[PDB]
Amino acid sequence: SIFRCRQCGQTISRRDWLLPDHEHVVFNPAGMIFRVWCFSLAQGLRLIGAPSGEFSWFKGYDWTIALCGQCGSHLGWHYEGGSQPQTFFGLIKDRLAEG
Ligand SMILES: COc1ccccc1C1=NO[C@@]2(CCC(=O)NC2=O)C1
Ligand SMILES: [Zn+2]
């Protein structure tokens, strides 16, 4: 079961790569609600800019904006600088399509 970019079909992740709960409903400072699925691994993304800790939803992690490497759609964030695990992907579920 493969996760693709909803806009262009870019290969992003797999159900097998979900990181357990795997679903987190969060809000950013602009009040936008994101239903975020955590993945151990993802591909086909472009990480833009430098990591930031500001308003991180996950204690001990910095985020980098993750675009679809193909169409540039915002699919979520790469998280790093934490412990167990050091890195993971928080992807916006409704911006993916499952096979
Ligand atoms: C309007 O947005 C911002 C403006 C300024 C600084 C940060 C943000 C952010 N929006 O969403 C983020 C995504 C990563 C995260 O874990 N938490 C968030 O809240 C970061
Ligand atoms: Zn795309």
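When a ligand or atom number is given, it counts from 1 through the structure's own listing order. Throughout, numbering of the chain's residues begins at 1 and tracks the sequence.
Some N or O of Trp57 is nearer than 3.5 Å to an N or O of ligand 1, by distance alone. Between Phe55 and ligand 1, a contact under 3.5 Å exists for at least one N or O pair. For ligand 1, none of its N or O atoms has an N or O atom of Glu54 under 3.5 Å away.
Ring planes of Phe58 and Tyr61: perpendicular class, angle over 60° (limits at 30 and 60°). Ring geometry for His74 against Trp77 counts as perpendicular: the plane angle is over 60°, on a 0 to 90° scale with 30° as the lower cut.
Nearest approach of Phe89 to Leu41, heavy atoms of both residues: CD1-C, 3.8 Å. The shortest non-hydrogen separation linking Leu75 to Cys5 is CD1-CB, 4.1 Å. Among all heavy-atom pairs drawn from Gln10 and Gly44, the shortest one is NE2-O, 2.8 Å.
The residues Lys93 and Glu23 are annotated as not salt-bridged, no charged nitrogen and carboxylate oxygen being separated by less than 4.0 angstrom.
Between SG of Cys68 and SG of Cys8, the angle at the Zn ion (ligand 2) works out to 100°, rounded to 10 degrees.
Protein heavy atom nearest atom 1 (C) of ligand 1, with residue, atom name and distance: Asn28 ND2, 3.8 Å. Here the heavy atom of the protein found nearest to atom 13 (C) of ligand 1 is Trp77 NE1, 3.2 Å. Nearest protein neighbour of atom 3 (C) of ligand 1, counting heavy atoms only, is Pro29 CD, 4.1 Å.
Checking atom 15 (C) of ligand 1 against the protein gives a heavy-atom contact under 4.0 Å.
Annotation for ligand 1: atoms under 4.0 Å from non-hydrogen atoms of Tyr79 are 14 (C), 15 (C), 16 (O).
At a 4.0 Å heavy-atom cut-off, ligand 1 touches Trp63 through the side chain alone. Neither the backbone nor the side chain of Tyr61 comes within contact range of ligand 1; no heavy atom lies under 4.0 Å.
A 4.5 Å side-chain heavy-atom check between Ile65 and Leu47 finds every atom pair outside the cut-off.
When atom types are taken as modelled, the side chain of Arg6 and the backbone of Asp94 share a donor-acceptor pair closer than 3.5 angstrom.
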